[PDB]
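J.: Got a structure here, written out as structure tokens. Questions coming.
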Amino acid sequence: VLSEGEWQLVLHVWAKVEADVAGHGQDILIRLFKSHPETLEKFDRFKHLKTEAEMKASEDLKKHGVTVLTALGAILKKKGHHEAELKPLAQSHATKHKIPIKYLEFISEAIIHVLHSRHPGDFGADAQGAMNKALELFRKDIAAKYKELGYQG
Ligand code: HEM
């Protein structure tokens, strides 16, 4: 479990992310899609996007970057008591979207890269450590729901 001090580091940076959810959403999805091109194939709606310039220009991409960070922030702010928030998500990502756990590991690294590039002073090594723990917690709970449904992985 994260301590109360680790939760404070997490949410302190997250309140900065919430200053500009759309720009953060953008960076994180584009980092995901460039670093791990196989992830872009899961999105029928982004499949046509072939360059970084085209991704930066898509309003739909930026809109759905807000969708992802908003659902994430709702989870983070439950400081581990996230059962009602996480359940629906795992269900649709296991059974409808078919997203393996490993991809949730990729987007975790993209989130951490982008926080570091945008918020140095609030994202030192202690906060990086705390955010990695929170992201591991979220992955571990999702993985348990996956296993139950027959998708573990
Ligand atoms: C930090 C984790 C992520 C969160 C919080 C998250 C959240 C969301 C939300 C809230 C929706 C819409 C409602 C739903 O369908 O249940 C959604 C849709 C979707 N998510 Fe995610 N997601 C995340 C990670 C991923 C990743 C890593 C991928 C793919 C590599 C993925 C693929 C999808 C797809 C394919 C859809 C449907 C888009 C559409 O309707 O065209 N998700 N996700």
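Positions of Cβ are generated from backbone atoms using ideal geometry, with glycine treated the same way; all protein chains shown enter the neighbour counts. Laboratory data are not the source of any read-out in this text; all were calculated from the coordinates shown.
J.: If we sort 24-30, 120-126, 145-151 on the protection proxy, mean other Cβ atoms within 10 Å, highest first, what's the order?
T.: Ranked by mean Cβ neighbours within 10 Å, highest first: 24-30, 145-151, 120-126.
J.: Once Rh is set to the Kirkwood radius over Cα pairs, what Stokes-Einstein translational diffusion coefficient, in µm²/s, holds for segment 11-52 at a temperature of 25 °C and a viscosity of 0.890 mPa s?
T.: Working: Rh = 11.5 Å.
The estimated diffusion coefficient comes to 213 µm²/s.
J.: Let me ask something else about it. Show me, bin by bin at 10 Å from 0, the whole-percent P(r) of the chain based on Cα pairs.
T.: Answer for the chain: a P(r) of 10, 40, 38, 12, 0 percent.
J.: Additional query: Quick one: order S108, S3 by neighbouring beta-carbon count within 10 Å, fewest to most.
T.: Starting with the residue having the fewest Cβ neighbours, the order is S3, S108.
J.: Here is a further query. Once every DSSP H run of n ≥ 4 in the chain is given -39500 (n - 2.57) and the sum is divided by its residues, what mean residue ellipticity at 222 nm do you get, rounded to the nearest 500 deg cm²/dmol?
T.: Computed ellipticity for the chain at 222 nm equals -23000 deg cm²/dmol.
J.: Taking θ as phi - 60°, what are the ³J(HN,Hα) couplings along segment 47-59 by the Karplus curve (6.51, -1.76, 1.60), each to the nearest whole Hz, with x for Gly and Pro?
T.: Each residue of segment 47-59 in turn: 3, 6, 7, 10, 10, 5, 3, 5, 5, 5, 8, 6, 6 Hz.
J.: Give me the percent relative contact order of segment 31-153, please, defined on Cα pairs under 8 angstrom at least 6 residues apart.
T.: Details: 64 pairs, mean separation 32.4, N = 123.
Once divided by the residue count of segment 31-153, the mean separation gives 26 percent.
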